[PDB]
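Structure incoming, see below.
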Amino acid sequence: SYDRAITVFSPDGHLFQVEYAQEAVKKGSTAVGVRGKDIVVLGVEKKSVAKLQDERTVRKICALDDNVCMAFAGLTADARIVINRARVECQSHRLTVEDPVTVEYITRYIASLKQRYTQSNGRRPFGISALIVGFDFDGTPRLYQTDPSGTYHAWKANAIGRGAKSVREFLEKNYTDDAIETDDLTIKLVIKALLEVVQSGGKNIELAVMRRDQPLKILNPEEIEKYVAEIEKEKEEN
Amino acid sequence: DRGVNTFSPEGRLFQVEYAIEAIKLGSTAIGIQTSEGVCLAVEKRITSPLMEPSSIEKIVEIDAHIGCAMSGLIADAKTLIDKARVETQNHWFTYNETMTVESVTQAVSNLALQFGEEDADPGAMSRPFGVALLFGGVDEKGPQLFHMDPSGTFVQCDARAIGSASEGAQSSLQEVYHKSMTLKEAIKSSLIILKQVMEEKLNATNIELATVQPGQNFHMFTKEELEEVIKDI
Amino acid sequence: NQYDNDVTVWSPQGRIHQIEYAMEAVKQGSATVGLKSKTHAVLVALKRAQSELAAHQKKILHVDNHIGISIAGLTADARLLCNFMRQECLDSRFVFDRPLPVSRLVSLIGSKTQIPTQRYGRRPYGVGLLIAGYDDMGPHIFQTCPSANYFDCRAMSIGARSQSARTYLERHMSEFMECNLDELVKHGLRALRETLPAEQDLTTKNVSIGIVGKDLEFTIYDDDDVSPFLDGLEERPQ
Amino acid sequence: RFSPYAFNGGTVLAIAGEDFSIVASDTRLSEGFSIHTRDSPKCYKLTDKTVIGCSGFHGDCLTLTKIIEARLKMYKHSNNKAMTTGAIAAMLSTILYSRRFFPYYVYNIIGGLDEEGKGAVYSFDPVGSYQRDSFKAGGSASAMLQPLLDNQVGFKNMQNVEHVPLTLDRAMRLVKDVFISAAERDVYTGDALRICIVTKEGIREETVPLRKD
Amino acid sequence: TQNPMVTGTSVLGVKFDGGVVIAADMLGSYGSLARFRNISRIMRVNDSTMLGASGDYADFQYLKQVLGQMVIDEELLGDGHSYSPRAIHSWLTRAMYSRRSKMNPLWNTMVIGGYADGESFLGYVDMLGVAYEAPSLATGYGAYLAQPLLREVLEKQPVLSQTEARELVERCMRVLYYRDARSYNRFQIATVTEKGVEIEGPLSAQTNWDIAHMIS
Amino acid sequence: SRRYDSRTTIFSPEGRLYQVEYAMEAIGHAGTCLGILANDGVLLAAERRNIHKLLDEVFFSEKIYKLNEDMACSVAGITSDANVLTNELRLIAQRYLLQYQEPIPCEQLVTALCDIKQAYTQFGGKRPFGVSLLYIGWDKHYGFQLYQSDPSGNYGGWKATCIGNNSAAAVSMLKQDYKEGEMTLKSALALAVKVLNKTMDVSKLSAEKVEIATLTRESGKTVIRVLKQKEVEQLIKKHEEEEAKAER
Amino acid sequence: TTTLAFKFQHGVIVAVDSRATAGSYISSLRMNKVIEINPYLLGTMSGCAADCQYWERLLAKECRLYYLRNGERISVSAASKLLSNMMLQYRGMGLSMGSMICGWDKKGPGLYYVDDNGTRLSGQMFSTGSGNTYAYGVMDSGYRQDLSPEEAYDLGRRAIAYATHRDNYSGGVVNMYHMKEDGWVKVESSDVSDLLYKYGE
Amino acid sequence: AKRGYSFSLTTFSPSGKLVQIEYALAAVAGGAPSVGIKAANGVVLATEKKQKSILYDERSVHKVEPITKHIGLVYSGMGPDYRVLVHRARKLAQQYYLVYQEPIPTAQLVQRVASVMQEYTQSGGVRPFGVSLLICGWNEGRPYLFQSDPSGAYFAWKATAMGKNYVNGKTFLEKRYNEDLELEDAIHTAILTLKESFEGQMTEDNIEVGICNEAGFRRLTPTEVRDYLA
């Protein structure tokens, strides 16, 4: 077996390998999640598909369990490993314990997995950050995010990838009850914050929404383009 | 390029000294050992008002009578904390009693320099933990506070601070400590020193406060209770 | 230097630098003194504080009813060696029901400490020990180092400024064999005192004592239990 | 084939009072219809506060006492204190259960004081099921020792006795009496009776001769 | 060992004033058959402790070599330390129980005689790990035949001179020869004292067969 | 020891993996390999790099592998690494069959090998497989499918794509010509020969230099054929005859 | 042993006997067969004593870790499922343990029966031990969802007491608990034979 | 005591080239020349066995080796490395026979042997083989000739050469080799391709040649080689 320490401390006290993995996520496609009142919605971008490529395959919104879904940014090949490890863990928590996974627990596992890859021999850290969206069994909405280091926090709204600094700053200015009042305006809030950084066009936007008790919904490029119309009718006018 | 178990000409392990440096980037945490209890306090370091307040947990519960303040690489700490929690419950199972604060700290200190490359397991450690820990609690030797760093070295403290502003808070505790301090003055002092060494103003949602006193168990402070101790500035 | 990163690399002069670098770790720790009479073996060590608010470090540790140690160097390497010594003493009592002779225990350290100096990826033990014990052959004072080498000594000092203590004992080594226990400890304290700067002297907070012999099992006196020995002090001269 | 067990007899008794604990046993070691030795007391000092009594297969009892001895030292180096009576009893339960599928043919009773200075007694089975109680007997003659203690110490089956608290003096005679009775009926009980008294002062041993047939 | 092949019968032990004396006959049986009538079942461990062994002879010879090497190893260090009779007894107890617990026992019963620090030592070791100390010892059929004799004398006279112990032992070997079908009339006496271990050559107990004429 | 370690599974300062990107360069120097998806089928077309008067032609193909009853792939890169992966692809396919008693869905088989290739970039300290793969097949869920595999362990579903030499030129050539939802297998076969002819090195094109395999659904059975030499000859010449009708 | 538990409008009540038997002999008559895991979890014991003690304490050990990790306490469903899984690791090795898990989580009042075999079922009523059939008879004859705390205390008391009268291996005392919305409260430790004389007028 | 290196000694350079494989190719390109010719009714394999001294016993070691009854081997490159591959080839041939009770198809042996070669281009602490293999065989009434090389890649040949002057030997064969030879003709054109790269005078001791047909595979005796040397 390969027993070399890959991730080690620098003289200044830096984990370069973990920091390089954070450079990989910053090169990743724009991903934004926001918690509403009744629903939670994710949105993912920098899609840039050749239109010669079938896009059903390159979808960055993944469901981990019945009540949990996630979005990622960075090395998409790494993400697939993490996602399927989390999917296996979702079914094991269901076998060891009757209860379905809490959002915080699955986030904690994914975080513990990434952390383990920063302190174990023979392996490099994962090159992805995750945004985890789900509902509690009591119904209170939950949004979390992780990074290559292994740290996780809960967010009201957040962005990762390229244009994260730009979109994040937008969310701080635009996150009030006037925007969260309805279910429609929260979806609109994602699209607006999304269309704010991407090479414009609702054709490059795949976003998912899930209501308190409803199964996960991936939206029609019809439904989202209908909302892109309510932004352009209220952009030249407003 | 060298190995992880290499000695400096000085006489220290590089990876350990570098792990000490990683803590100097972590948010500051203070513990105070009062004759009538132990108080732990830490700054959260909010990066955005979008981040959830109670989401960051830099002071956690290990046992009914033990609290742990953490600084440095948070992700490294929570692996060590689970190990601390596992040890207490293994000990409870085997001996039907609560562990001493010294033994709990000693248990975590055993994982110290258990890292390496060759002549090791597949899942053996590649590096040390970029974390410092303050174990504060009450056992049959009264109230106690212990400090631990990546060298494995652990020692009791009457009062200690660790993090980015370590020396500044250390001097502030030095001239403001009586071994006869009350718990009212203990929480106050930690709150007074915290605002001085920080880049952000002290809010009720900005910090975590914890008490372990003989009578009652480890307690996580609620926002309303924080507003009563921040009332006396 | 390129002959000094691994223990498995010999210097052209015919030396191993990584052993010598580990030997430096011993010298940086606070001083500790071991001496013996025909009946007793006494350890005297200087506790150190990083700050005045923190307590003093433990210097003297229990091994068995008839064996005790004082440490100098890395804490974890000291704790690891202490646990090996304890385990060896336990196995000896478990199997033979009689205490493990001091000579043989030290020989086991000499054999164990040698292993890591000869394997790649391993490192020497960053601690030196002073071992005080009592067996069929009377009292013993032993010395171990990062190099697997060990010595049987009439008296010894290791740590910072241990040269001063070493010279004190060297003058009075013929004195010890007919010494009363109270006179023996004062000799140990007087040597430890020489290590300190002229401004400061031995206090009840910074002095630790370990005693084993014909009369009693190994005992550690620390704070209030230490002042009987300090009181009755010939004054610090120059 | 080959049997890993032998039966060596021995009965052990423990009683708890306000500030004392009593652990008592016969001194007979036997095998088949022969006596191995007449000088084999089953009581053993672990700490100044706690005493153990083991009976059954002597090979198991010997190795188990040595495991406990080593484990006591391991605890004190690690925790910087002595293992309490309750802690030893808790540890013994786990040690015995680690052999659930190849058990120690052993009957252990723990006698000492709790942290409040009060008398404590712990009774075990070969596999580690245990609890605290005022009085318990284990071994080949335990069924002979039990009912008399149930009646006199527990005040069972009685109508207008005033329920006098247990004294050291009375318990001492009680311990002596039940063994005198058992030595008359049980062939594995005899020779001598050793009583270990645990108090705040420490462990005091006492010997009273028994039937040698 | 699951089934022992060549076995030895009872080993005798009793401690006199200033030492211990051990007896065992020079027979190795293969079932009922007397196979080897001139083999030693006793050894000198060192100058303070000695050992006689019942049961499987191959297991005894194995334990003889392991103990033999342990003494050599200790003599090499020359650190003023040596194994006491109690230390050998404790080791042997730990060895037997360990082998027994792995369901692969050393098929032996042992008597360990010794003299150290002005005190006489006599210890019993079983194949199951049963261990204790007694003033007199007898294994196998000796426990039923010789042990009653020894106890009845030691009750009347606790301290014996070396001569008294010797003649008591010879008397016991007489009983064993008469009554044990797995015994023989060739035996050895081992002795520990201030001077060390002394094993004496082939001995025969005096027999009388005059009761062969008392059946009419 | 660590003196000799090339540190293959390690991060670069920019946040990228060197060995993976260096493996990408190896693909560029290998044969041009294209896949095109049609309405009534899907095909692979690849440049033969093993060409000589003295080669024996024993196997049906050089770069086309049958993996499954309903799936075939084509390869570009180091052929030994390709053989290792294709044999493994055949194994994963059979394990799924053994377990479920129905053929493995196209995407799933690709995903499985990609997980192995990705594992080689993260742990083990080994060099990655210097191979890109083009998968074509039919399953009962998504019908006719085409997939692309990177040495990174990353995959994507395509309607038309290419890997190997002059790859970027070949795809932009396809990007103009490919008629989405209107492509028949006859149209896709003609496009393949067109893209190859412009992309290839020796210029005139030959039935010894190209390899074409078609995957069709016929009579409720998935039929896979590697096109015969007489067939490739007519495919090249039909493009040649149209190259003579392009002037006046 | 005899062990019983049932739920009604005001929570769940739990009653056990206190006899320990070795062969035909009563080893202990003051044996505690309820384990108080947390303030609102409760475990009963039946079968091999050392098996019960160890394994339900090991469940308790893990219910402790769950609370310290998740910081939110463990559900009843989770606990009983975890125990069933521990039992399943030691399959066909001769562990004899019959236990009922009681508690209050968000789902309301939770009652569960776990076997040494791995069997695990939720329900309104359960009874384990050598005297379960007797405990069942008196339980069913005099049960309704509309019991008051006093009626339920009467029933559980009655059920153990009557079971201990017919069962050779049940006796000692009745130990009863009331599982309320804000945790269990221990009702009584009443002598079995004393009740049987009271019920005999 | 020891434990091997776990990292690859063959990695990708920025150019996308596995340098150690190309460096292994240089080892074979500098070895003694070897030629194989598929000849309609059989196969021939010949090599330069010039030990460059009269002190050697020419009969002691062989370069043309039998793998089984119907398969043979020659090499250009390192002799010691080749021996490893021969031993591995013989075992694989037997492993196949034991399972299927049928002589291993030459194509299947070559694939299995080529996979072993691939391992040493990726496995830790090892260098690739510095040998290229020429494997002949007869199965299903058809002659086969294959080339395996350090890469783990394998090729099928009508005729080819390797080692010293492999480029000149190849062009010679292009012009000289025609399909539908008789086997005895192929031995001539094999020895002729060998003469192009020789340097010295050819005796039956200087060169080694094996043949494969429907009757199996055998190495020609020194007396047989002399009769073709005219």
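Each chain gets a letter, A, B, C, D, E, F, G and H, in the order it is written, and its residues are counted from 1.
The criterion applied here is as follows: contacts are C-beta pairs under 8 Å (C-beta built on N, C-alpha and C of every residue); 3 or more make two chains touch, one makes a residue touch a chain.
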Per-chain Cα mean versus the mean over all protein Cα atoms: which chain has them closest together? B
Pair of chains joined by more contacts [C-beta pairs], A-G or D-E: D-E
Between chain A and chain C, what distance separates the C-alpha centroids? Give it in angstrom. 57
Between chain F and chain H, what is the separation of their C-alpha centroids in Å? 31
Computed distance of Cα centres, chain G from chain E, in Å: 58
Could you please state the distance in Å, as a whole number, between where the Cα atoms of chain E are centred and where those of chain H are centred? 75
Multi-chain touching residues of chain A, meaning two or more other chains, are 1-4, 6, 122
Quick check on chain D: which residues sit in contact with 2+ other chains? 94
Contacts with two or more other chains occur in chain E at residues 94
Provide the residue numbers of chain D that touch chain C in the complex, in ascending order. 66, 69-70, 73-74, 77
Could you list, by residue number, the parts of chain C that touch chain B in their complex? 4-6, 18, 21-28, 50-58, 73-77, 79, 119-124, 126
Taking the touch rule as given, give the residues of chain H at its contact with chain F in the complex, in rising order. 5-18, 38, 107, 111, 114-115, 117-118, 121-124, 144-145, 151-153, 155-160, 170, 173-174, 177
How about chain F: which of its residues touch chain H in the complex? 1, 4-8, 19, 22-29, 50, 53-59, 78-81, 83-84, 124-128, 130
In their shared complex, chain C is touched by residues of chain E numbered 77, 79-81, 83-84, 86-87, 90-91, 94
